[PDB]
Amino acid sequence: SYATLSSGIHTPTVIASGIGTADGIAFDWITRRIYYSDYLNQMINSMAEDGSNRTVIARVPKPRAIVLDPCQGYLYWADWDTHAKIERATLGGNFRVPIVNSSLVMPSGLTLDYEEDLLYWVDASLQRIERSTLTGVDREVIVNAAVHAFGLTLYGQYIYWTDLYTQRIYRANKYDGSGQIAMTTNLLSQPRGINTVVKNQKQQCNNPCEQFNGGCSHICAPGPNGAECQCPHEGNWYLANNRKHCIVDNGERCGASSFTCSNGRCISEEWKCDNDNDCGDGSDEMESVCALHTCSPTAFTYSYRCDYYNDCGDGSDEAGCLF
Amino acid sequence: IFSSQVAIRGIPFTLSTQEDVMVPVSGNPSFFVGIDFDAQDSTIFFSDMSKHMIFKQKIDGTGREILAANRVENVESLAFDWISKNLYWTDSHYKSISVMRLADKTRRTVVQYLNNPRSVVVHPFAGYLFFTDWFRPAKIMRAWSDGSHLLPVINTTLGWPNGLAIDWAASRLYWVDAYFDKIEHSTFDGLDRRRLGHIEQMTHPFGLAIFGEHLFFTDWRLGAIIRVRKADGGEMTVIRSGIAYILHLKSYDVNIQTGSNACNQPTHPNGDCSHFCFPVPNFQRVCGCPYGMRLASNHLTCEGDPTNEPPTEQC
Ligand SMILES: *[C@@H]1O[C@H](CO)[C@@H](O)[C@H](O)[C@H]1NC(C)=O
Ligand SMILES: *[C@@H]1O[C@H](CO)[C@@H](O)[C@H](O)[C@H]1NC(C)=O
């Protein structure tokens, strides 16, 4: 659920209420998509800004914490299963590689040092706050003494976390942790999760998904090095083209210059974008498919050129200057 | 047409008559190497290594015009696409193949960074450029007219490939190897590699020419224009003898230079390409530009690229 701040008495907007136990939310502004984690169903899902486009990016046995790096297009998360892992992948979940798997019992409060490209997290059982490189080569324990530190956030040169025992919010220097002070008094209840509201410019990065859904017939996820198309989890889908268009995923998709449309039927890539409907689906000549004029040197924009024929490029279609 | 150190002459194919049909092209000093013809203009193209320049001259000797002077040291062959009026030559010293648009003497370097190219030939209808590199491991290579796709069609059992001849009637590339003393022919894809019967005294053949059912060739050690049947060989007949440093044997025929192509379209001269038609297989064209220019957003026109292609200083 969400509540608008400047909305007076706001009632929590009920979205994705079907999930069971779950304690993870992250919203990517770049693509305006939520990354609600369905721990009960053991799957990390992505949702639209209103929650319409539901897609399961990845499935994790015990997913609790979620970190987004839209500029780098990588989805960071942690698994509460045995031998707890900081599993990292793209926004499309291309490479689910556990960043850190040793010396971790119950990871929580994953945070990302965007300015310094570092990974910070806490562990309630370990009662320590550690930092690591995005790959995980380095590993430094920023805070050694803590009491059930559960939440975490980072901003400026300070790192903020919450304690379930003392029921208060602390602060420490992100580099070392020298200034461990208490930011609040003994709160009546236990503070679960702490986040930073970056009213100022956040991690802005041009969204590849902006241009015609990033060349995707379906949901788009702006991962590293260009957009990464996504497909609905409810249906069985296979990405077409260079992993771009979700199909019925029944197989028998023609390759080479006979790209298969979104329906599954394939037509020649030369036949594609012929100002007609080669497939039962317009995918053959779909907009995204025919996004820009990058005509091959071979073809004019001369087989039927200027020869009273409307089978060549439209510029030379029946425009025969020789006649 | 046979090119020799002393001069370049054209003998009739009939054995009875032995009178030059073209004005012999001679000079002092001269090391003529490489020849080509233009049936429509009744003009020949030849390279003189002594003068380090490529010239053109009509068969009657009316006009002798310089074709290229700069960046020319050792031109060893000439390929002329009659459809696009483009002349291709191999400069061994620069180890590169260059194409000149004869309509305006616009110059462009296509296939380049080679080892020791010796001959070249351009097939307009098939849109293929065949050239020979005798540098061991010697290889017979093919590429598109613009030099796009370089492909070693033949790279096995080649010692010294010297001359290439295109049998336009049967669409087979006949070549000559001086190391193994063999005349072999394969498809344009180099599939059907059949070797002719052993030539009687062939030791260092250099030239070749396919006319009718006979396959003329030149041998340095013999110093003669030996004729054999293109079928299997035999019938060794010395057309001429005693030539000093006999070399290429480029042939002449009106029927060879005829027909349509990707170019030669009434309102698409060179396929509406600014400089180069460069016909490529499957009856298509790729526009080309000189060294100083490049293809624009629309590939039809040519635009200068000083940022990537600074002007070439003369010397
Ligand atoms: C997501 O949901 C919205 C609202 O139903 C719909 O308009 C849109 O096409 C869906 N898919 C994408 C790719 O946004
Ligand atoms: C000869 O050329 C063909 C086609 O490029 C290639 O597959 C083969 O490996 C080459 N062999 C040699 C002798 O280089």
# chains A, B, ... in the order shown; residues from 1 in each chain; ligands from 1
>>> select_by_dssp(residues="region 89-317 of chain A", states="strand (DSSP E)", output="PyMOL selection string")
chain A and resi 89-90+97-98+107-113+118-123+128-133+139-143+149-155+158-163+168-173+181-182+220-221+228-229+238-240+245-247
>>> write_last_selection(atoms="C-alpha atoms", output="mmCIF file, in the first residue's frame")
data_model
loop_
_atom_site.group_PDB
_atom_site.id
_atom_site.type_symbol
_atom_site.label_atom_id
_atom_site.label_comp_id
_atom_site.auth_asym_id
_atom_site.auth_seq_id
_atom_site.Cartn_x
_atom_site.Cartn_y
_atom_site.Cartn_z
ATOM 1 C CA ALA A 89 20.811 -9.638 -10.956
ATOM 2 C CA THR A 90 19.589 -7.117 -13.515
ATOM 3 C CA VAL A 97 24.665 -14.129 -8.957
ATOM 4 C CA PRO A 98 24.878 -14.127 -5.130
ATOM 5 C CA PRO A 107 20.250 -10.247 5.956
ATOM 6 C CA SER A 108 18.031 -7.184 6.167
ATOM 7 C CA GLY A 109 18.038 -3.490 5.372
ATOM 8 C CA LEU A 110 19.978 -3.686 2.126
ATOM 9 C CA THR A 111 21.198 -0.244 1.072
ATOM 10 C CA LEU A 112 23.298 0.946 -1.858
ATOM 11 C CA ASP A 113 25.903 3.717 -1.725
ATOM 12 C CA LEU A 118 29.070 0.139 -2.420
ATOM 13 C CA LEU A 119 26.696 -2.372 -0.839
ATOM 14 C CA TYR A 120 25.610 -1.898 2.784
ATOM 15 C CA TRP A 121 23.433 -4.238 4.844
ATOM 16 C CA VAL A 122 22.677 -5.326 8.405
ATOM 17 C CA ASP A 123 22.028 -8.701 10.029
ATOM 18 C CA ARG A 128 26.618 -5.901 12.779
ATOM 19 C CA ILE A 129 26.526 -3.540 9.803
ATOM 20 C CA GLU A 130 28.865 -4.454 6.953
ATOM 21 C CA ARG A 131 29.734 -2.831 3.640
ATOM 22 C CA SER A 132 30.931 -4.490 0.457
ATOM 23 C CA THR A 133 31.699 -3.784 -3.172
ATOM 24 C CA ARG A 139 33.812 -6.727 2.975
ATOM 25 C CA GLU A 140 34.202 -4.302 5.892
ATOM 26 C CA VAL A 141 32.157 -4.345 9.106
ATOM 27 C CA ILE A 142 31.217 -0.682 9.556
ATOM 28 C CA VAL A 143 29.433 -1.188 12.894
ATOM 29 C CA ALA A 149 19.699 -3.813 14.001
ATOM 30 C CA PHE A 150 16.995 -4.446 11.400
ATOM 31 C CA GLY A 151 16.477 -1.395 9.190
ATOM 32 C CA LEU A 152 19.112 0.594 7.338
ATOM 33 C CA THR A 153 19.510 3.576 5.035
ATOM 34 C CA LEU A 154 22.326 5.771 3.763
ATOM 35 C CA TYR A 155 22.593 9.450 2.870
ATOM 36 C CA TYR A 158 26.143 9.139 7.388
ATOM 37 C CA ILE A 159 24.461 5.742 7.634
ATOM 38 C CA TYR A 160 21.158 5.446 9.507
ATOM 39 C CA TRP A 161 19.690 2.273 11.010
ATOM 40 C CA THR A 162 17.034 1.175 13.488
ATOM 41 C CA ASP A 163 17.292 -1.133 16.505
ATOM 42 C CA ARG A 168 15.304 4.091 18.324
ATOM 43 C CA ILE A 169 17.049 5.370 15.204
ATOM 44 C CA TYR A 170 20.826 5.753 15.279
ATOM 45 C CA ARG A 171 23.366 7.338 12.958
ATOM 46 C CA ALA A 172 26.998 6.656 12.129
ATOM 47 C CA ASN A 173 29.625 7.790 9.661
ATOM 48 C CA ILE A 181 24.709 8.618 18.175
ATOM 49 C CA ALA A 182 20.967 8.289 18.693
ATOM 50 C CA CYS A 220 10.056 -3.310 -20.066
ATOM 51 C CA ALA A 221 12.830 -3.347 -17.455
ATOM 52 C CA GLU A 228 15.523 -5.624 -20.927
ATOM 53 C CA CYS A 229 12.044 -6.713 -21.983
ATOM 54 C CA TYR A 238 9.222 -16.287 -24.912
ATOM 55 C CA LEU A 239 10.943 -13.100 -26.056
ATOM 56 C CA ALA A 240 11.251 -12.698 -29.829
ATOM 57 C CA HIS A 245 8.690 -9.648 -27.992
ATOM 58 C CA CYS A 246 6.876 -12.138 -25.771
ATOM 59 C CA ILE A 247 5.300 -15.035 -27.692
#
>>> residues_near_ligand(ligand="ligand 2", cutoff="9 Å", atoms="only C-alpha atoms and all ligand atoms", output="list in words")
residues 137, 139, 141, 150, 151, 152, 153, 154, 155, 156 and 157 of chain B
>>> write_last_selection(atoms="N, CA and C atoms", output="PDB file, in the first residue's frame")
ATOM      1  N   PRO B 137      51.486 -18.706 -47.498  1.00  0.00           N
ATOM      2  CA  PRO B 137      50.605 -19.637 -48.221  1.00  0.00           C
ATOM      3  C   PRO B 137      49.760 -18.925 -49.268  1.00  0.00           C
ATOM      4  N   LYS B 139      46.988 -17.896 -51.994  1.00  0.00           N
ATOM      5  CA  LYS B 139      45.545 -18.043 -51.922  1.00  0.00           C
ATOM      6  C   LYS B 139      44.893 -17.251 -53.041  1.00  0.00           C
ATOM      7  N   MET B 141      41.549 -15.306 -53.707  1.00  0.00           N
ATOM      8  CA  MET B 141      40.530 -14.713 -52.862  1.00  0.00           C
ATOM      9  C   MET B 141      39.471 -14.025 -53.707  1.00  0.00           C
ATOM     10  N   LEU B 150      35.519 -10.250 -48.094  1.00  0.00           N
ATOM     11  CA  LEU B 150      36.703 -10.942 -48.579  1.00  0.00           C
ATOM     12  C   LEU B 150      36.628 -12.400 -48.153  1.00  0.00           C
ATOM     13  N   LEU B 151      36.712 -13.307 -49.126  1.00  0.00           N
ATOM     14  CA  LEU B 151      36.513 -14.718 -48.865  1.00  0.00           C
ATOM     15  C   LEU B 151      37.502 -15.546 -49.676  1.00  0.00           C
ATOM     16  N   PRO B 152      38.386 -16.293 -49.021  1.00  0.00           N
ATOM     17  CA  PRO B 152      39.347 -17.121 -49.757  1.00  0.00           C
ATOM     18  C   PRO B 152      38.694 -18.348 -50.368  1.00  0.00           C
ATOM     19  N   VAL B 153      38.127 -18.186 -51.565  1.00  0.00           N
ATOM     20  CA  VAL B 153      37.395 -19.275 -52.207  1.00  0.00           C
ATOM     21  C   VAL B 153      38.294 -20.486 -52.417  1.00  0.00           C
ATOM     22  N   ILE B 154      39.547 -20.262 -52.806  1.00  0.00           N
ATOM     23  CA  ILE B 154      40.515 -21.337 -52.989  1.00  0.00           C
ATOM     24  C   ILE B 154      41.737 -21.017 -52.144  1.00  0.00           C
ATOM     25  N   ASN B 155      42.092 -21.896 -51.213  1.00  0.00           N
ATOM     26  CA  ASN B 155      43.287 -21.680 -50.393  1.00  0.00           C
ATOM     27  C   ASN B 155      44.046 -22.970 -50.145  1.00  0.00           C
ATOM     28  N   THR B 156      43.841 -23.961 -50.996  1.00  0.00           N
ATOM     29  CA  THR B 156      44.535 -25.235 -50.897  1.00  0.00           C
ATOM     30  C   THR B 156      45.258 -25.534 -52.201  1.00  0.00           C
ATOM     31  N   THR B 157      46.486 -26.034 -52.085  1.00  0.00           N
ATOM     32  CA  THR B 157      47.298 -26.440 -53.230  1.00  0.00           C
ATOM     33  C   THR B 157      47.458 -25.291 -54.227  1.00  0.00           C
TER      34      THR B 157
END
>>> closest_residue(among="A:117, A:210, A:252, A:138", to="ligand 1", atoms="only C-alpha atoms and all ligand atoms")
A:210
>>> interface_residues(of="chain A", to="chain B", cutoff="12 Å", atoms="only C-alpha atoms", output="list in words")
residues 293, 294, 295, 296, 297, 298, 299, 300, 301, 302, 303, 304, 305, 306, 307, 308, 315, 316, 319, 320, 321, 322 and 323 of chain A
>>> write_last_selection(atoms="C-alpha atoms", output="PDB file, in the first residue's frame")
ATOM      1  CA  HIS A 293      14.895   3.934 -41.386  1.00  0.00           C
ATOM      2  CA  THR A 294      18.140   1.996 -41.428  1.00  0.00           C
ATOM      3  CA  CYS A 295      17.663   0.697 -44.931  1.00  0.00           C
ATOM      4  CA  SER A 296      20.410  -1.630 -46.190  1.00  0.00           C
ATOM      5  CA  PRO A 297      22.794  -0.216 -48.871  1.00  0.00           C
ATOM      6  CA  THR A 298      21.347  -2.841 -51.280  1.00  0.00           C
ATOM      7  CA  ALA A 299      17.794  -1.404 -51.055  1.00  0.00           C
ATOM      8  CA  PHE A 300      16.777   2.140 -52.178  1.00  0.00           C
ATOM      9  CA  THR A 301      14.716   4.521 -49.970  1.00  0.00           C
ATOM     10  CA  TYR A 302      16.842  -0.407 -56.695  1.00  0.00           C
ATOM     11  CA  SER A 303      15.199  -3.754 -57.657  1.00  0.00           C
ATOM     12  CA  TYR A 304      11.893  -2.158 -58.822  1.00  0.00           C
ATOM     13  CA  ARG A 305      13.155   1.410 -58.424  1.00  0.00           C
ATOM     14  CA  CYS A 306      11.701   4.005 -60.819  1.00  0.00           C
ATOM     15  CA  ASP A 307      10.356   1.195 -62.997  1.00  0.00           C
ATOM     16  CA  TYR A 308       6.587   1.865 -62.753  1.00  0.00           C
ATOM     17  CA  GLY A 315      10.303   7.129 -52.883  1.00  0.00           C
ATOM     18  CA  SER A 316      10.904   5.181 -56.101  1.00  0.00           C
ATOM     19  CA  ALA A 319       8.209   7.255 -59.815  1.00  0.00           C
ATOM     20  CA  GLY A 320       9.968   6.240 -63.012  1.00  0.00           C
ATOM     21  CA  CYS A 321      11.762   9.278 -64.383  1.00  0.00           C
ATOM     22  CA  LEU A 322      12.894   7.301 -67.439  1.00  0.00           C
ATOM     23  CA  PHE A 323       9.337   6.872 -68.726  1.00  0.00           C
TER      24      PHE A 323
END
>>> residues_near_ligand(ligand="ligand 1", cutoff="7 Å", atoms="only C-alpha atoms and all ligand atoms", output="MDAnalysis selection string")
chainID A and resid 48 52:53 213 217:220
>>> closest_residue(among="B:125, B:252, B:291, B:130", to="residue 59 (chain B)", atoms="only C-alpha atoms")
B:252
>>> select_by_dssp(residues="region 134-308 of chain A", states="helix (DSSP H, G or I)", output="count of residues only")
14
>>> residues_around(residues="residue 238 (chain B)", least_positions_apart="5", cutoff="10 Å", atoms="only C-alpha atoms", output="JSON, numbers by chain")
{"B": [15, 216, 217, 218, 222, 223, 224, 225, 226, 227, 228]}
>>> residues_around(residues="residue 91 (chain B)", least_positions_apart="2", cutoff="7 Å", atoms="only C-alpha atoms", output="ChimeraX atom specification")
/B:72-76,89,93-97
>>> atom_distance(atom1="CA of residue 9 (chain A)", atom2="CA of residue 201 (chain A)")
27.5 Å
>>> atom_distance(atom1="CA of residue 12 (chain A)", atom2="CA of residue 38 (chain A)")
18.7 Å
>>> residues_around(residues="residue 100 (chain A)", least_positions_apart="5", cutoff="8 Å", atoms="only C-alpha atoms", output="MDAnalysis selection string")
chainID A and resid 85:87 136
>>> residues_around(residues="residue 91 (chain A)", least_positions_apart="6", cutoff="8 Å", atoms="only C-alpha atoms", output="ChimeraX atom specification")
/A:57,70,73-75,221-223,228
>>> write_last_selection(atoms="N, CA and C atoms", output="PDB file, in the first residue's frame")
ATOM      1  N   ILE A  57      10.023 -11.058 -11.925  1.00  0.00           N
ATOM      2  CA  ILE A  57      11.379 -10.948 -12.455  1.00  0.00           C
ATOM      3  C   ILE A  57      12.202 -12.170 -12.075  1.00  0.00           C
ATOM      4  N   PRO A  70      18.854   1.803 -10.685  1.00  0.00           N
ATOM      5  CA  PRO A  70      18.343   2.004 -12.053  1.00  0.00           C
ATOM      6  C   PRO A  70      19.403   2.433 -13.051  1.00  0.00           C
ATOM      7  N   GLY A  73      20.929  -0.479 -13.625  1.00  0.00           N
ATOM      8  CA  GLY A  73      19.918  -1.435 -14.046  1.00  0.00           C
ATOM      9  C   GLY A  73      19.999  -2.779 -13.362  1.00  0.00           C
ATOM     10  N   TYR A  74      20.603  -2.843 -12.182  1.00  0.00           N
ATOM     11  CA  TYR A  74      20.770  -4.093 -11.455  1.00  0.00           C
ATOM     12  C   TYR A  74      19.814  -4.134 -10.273  1.00  0.00           C
ATOM     13  N   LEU A  75      19.234  -5.304 -10.032  1.00  0.00           N
ATOM     14  CA  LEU A  75      18.333  -5.524  -8.909  1.00  0.00           C
ATOM     15  C   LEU A  75      19.075  -6.294  -7.824  1.00  0.00           C
ATOM     16  N   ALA A 221      11.994  -3.552 -18.633  1.00  0.00           N
ATOM     17  CA  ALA A 221      12.830  -3.347 -17.455  1.00  0.00           C
ATOM     18  C   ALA A 221      14.168  -2.760 -17.882  1.00  0.00           C
ATOM     19  N   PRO A 222      14.490  -1.524 -17.503  1.00  0.00           N
ATOM     20  CA  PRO A 222      15.750  -0.885 -17.944  1.00  0.00           C
ATOM     21  C   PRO A 222      16.986  -1.391 -17.204  1.00  0.00           C
ATOM     22  N   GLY A 223      17.501  -2.529 -17.661  1.00  0.00           N
ATOM     23  CA  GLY A 223      18.694  -3.107 -17.090  1.00  0.00           C
ATOM     24  C   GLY A 223      19.955  -2.487 -17.655  1.00  0.00           C
ATOM     25  N   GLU A 228      15.713  -4.182 -21.038  1.00  0.00           N
ATOM     26  CA  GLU A 228      15.523  -5.624 -20.927  1.00  0.00           C
ATOM     27  C   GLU A 228      14.026  -5.893 -20.857  1.00  0.00           C
TER      28      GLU A 228
END
>>> atom_distance(atom1="CA of residue 17 (chain A)", atom2="CA of residue 46 (chain A)")
14.2 Å
>>> closest_residue(among="B:3, B:86, B:57, B:307", to="residue 277 (chain B)", atoms="only C-alpha atoms")
B:86
>>> residues_around(residues="region 23-31 of chain A", least_positions_apart="6", cutoff="7 Å", atoms="only C-alpha atoms", output="PDB file with N, CA and C atoms, in the first residue's frame")
ATOM      1  N   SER A  37       7.977  -7.784  -3.308  1.00  0.00           N
ATOM      2  CA  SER A  37       8.476  -9.149  -3.177  1.00  0.00           C
ATOM      3  C   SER A  37       7.383 -10.025  -2.579  1.00  0.00           C
ATOM      4  N   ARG A  64      13.484 -10.977   1.159  1.00  0.00           N
ATOM      5  CA  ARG A  64      12.994  -9.976   2.100  1.00  0.00           C
ATOM      6  C   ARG A  64      13.393  -8.554   1.717  1.00  0.00           C
ATOM      7  N   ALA A  65      14.669  -8.336   1.415  1.00  0.00           N
ATOM      8  CA  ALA A  65      15.186  -7.000   1.149  1.00  0.00           C
ATOM      9  C   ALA A  65      15.428  -6.812  -0.342  1.00  0.00           C
ATOM     10  N   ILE A  66      15.167  -5.600  -0.828  1.00  0.00           N
ATOM     11  CA  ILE A  66      15.278  -5.272  -2.246  1.00  0.00           C
ATOM     12  C   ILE A  66      15.999  -3.937  -2.375  1.00  0.00           C
ATOM     13  N   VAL A  67      16.973  -3.871  -3.281  1.00  0.00           N
ATOM     14  CA  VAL A  67      17.696  -2.643  -3.595  1.00  0.00           C
ATOM     15  C   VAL A  67      17.691  -2.450  -5.104  1.00  0.00           C
ATOM     16  N   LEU A  68      17.415  -1.225  -5.542  1.00  0.00           N
ATOM     17  CA  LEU A  68      17.369  -0.878  -6.955  1.00  0.00           C
ATOM     18  C   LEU A  68      18.537   0.034  -7.306  1.00  0.00           C
ATOM     19  N   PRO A  70      18.854   1.803 -10.685  1.00  0.00           N
ATOM     20  CA  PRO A  70      18.343   2.004 -12.053  1.00  0.00           C
ATOM     21  C   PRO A  70      19.403   2.433 -13.051  1.00  0.00           C
ATOM     22  N   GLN A 204      19.116   9.796 -11.349  1.00  0.00           N
ATOM     23  CA  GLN A 204      18.500   9.927 -12.667  1.00  0.00           C
ATOM     24  C   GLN A 204      19.336   9.283 -13.765  1.00  0.00           C
ATOM     25  N   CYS A 205      18.685   8.538 -14.653  1.00  0.00           N
ATOM     26  CA  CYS A 205      19.384   7.885 -15.755  1.00  0.00           C
ATOM     27  C   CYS A 205      18.404   7.678 -16.895  1.00  0.00           C
ATOM     28  N   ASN A 207      15.924   6.519 -19.433  1.00  0.00           N
ATOM     29  CA  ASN A 207      15.265   5.222 -19.459  1.00  0.00           C
ATOM     30  C   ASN A 207      15.210   4.698 -20.885  1.00  0.00           C
TER      31      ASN A 207
END
